[PDB]
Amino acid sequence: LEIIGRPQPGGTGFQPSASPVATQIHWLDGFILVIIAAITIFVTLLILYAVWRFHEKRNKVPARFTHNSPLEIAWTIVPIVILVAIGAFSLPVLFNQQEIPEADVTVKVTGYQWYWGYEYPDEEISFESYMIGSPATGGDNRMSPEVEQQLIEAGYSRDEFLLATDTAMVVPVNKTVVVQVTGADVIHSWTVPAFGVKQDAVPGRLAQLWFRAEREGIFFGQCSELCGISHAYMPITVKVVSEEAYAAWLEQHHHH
């Protein structure tokens, strides 16, 4: 499987999109970035021009005006219009994100100090997922020869240290996955940048998110609410595979 959902060296952009929701984030953020780059370039050029044009050596006697009604109206209305515009594209995206569709696949995820528990209620499957290199795998949260070997054995490399877990959440491509998220002890947060999803894992509350993965591969997230000493060391691995490979994985877990 291709490693797709991960940070890349020197990156300045988003992680690759592997869902339609993540695609929407990239577009909306792209649209707003163009706007805010324009606002700030504009503001900056006005400053530098005014300093050049009205420097004390070049403009010896200062004006005394404190009003300019047309301009004052313009500089109120234009910001209002810019924002209504952003709102108009942004609210649909928001609605698409937060309206949970019908599930093809349901996963219940529980955050623990410091690991994730997964349950597939339709399949009667459950397991826990620990960082490769955590105490659970024999480590103490740092790279070592043993950790590199374990990363190799699981189908990764040393580059995926801090992202790869001993077990993965596996799901079929092109299906709607609904994930129900809660916390067992403190608040954690479950996320996968490539899917454009993030939902806090709050003790006592079950919250939902959805994604539909559009290509097969490996996608990482990391716990996103400070939850104590090993907050940096309880990440997320999702493997998106074919419909047939997903069934194969399921049967592997079936107890006869």
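A residue's number is simply how far along the shown sequence it sits, counting from 1.
For the pair 181 to 189 and 78 to 86, the mean B factor over Cα atoms is greater in 78 to 86. In this entry, 99 to 107 shows the higher mean Cα temperature factor of the pair 99 to 107 and 132 to 140. The top Cα temperature factor in the record, among 223, 45, 202, 229, falls on 45. Among the modelled residues of its chain, residue 219 has a C-alpha B-factor that falls in the lowest third, as given in the PDB entry.
When all modelled residues of the chain are sorted by CA temperature factor, residue 30 is found within the middle third. In the PDB entry, residue 164 places in the lowest third of its chain by CA B-factor. Per the PDB record, residue ranking by Cα B-factor puts residue 211 in the middle third of the chain. Residue-level temperature factors show residue 172 in the middle third of its chain, judged at the C-alpha atom.
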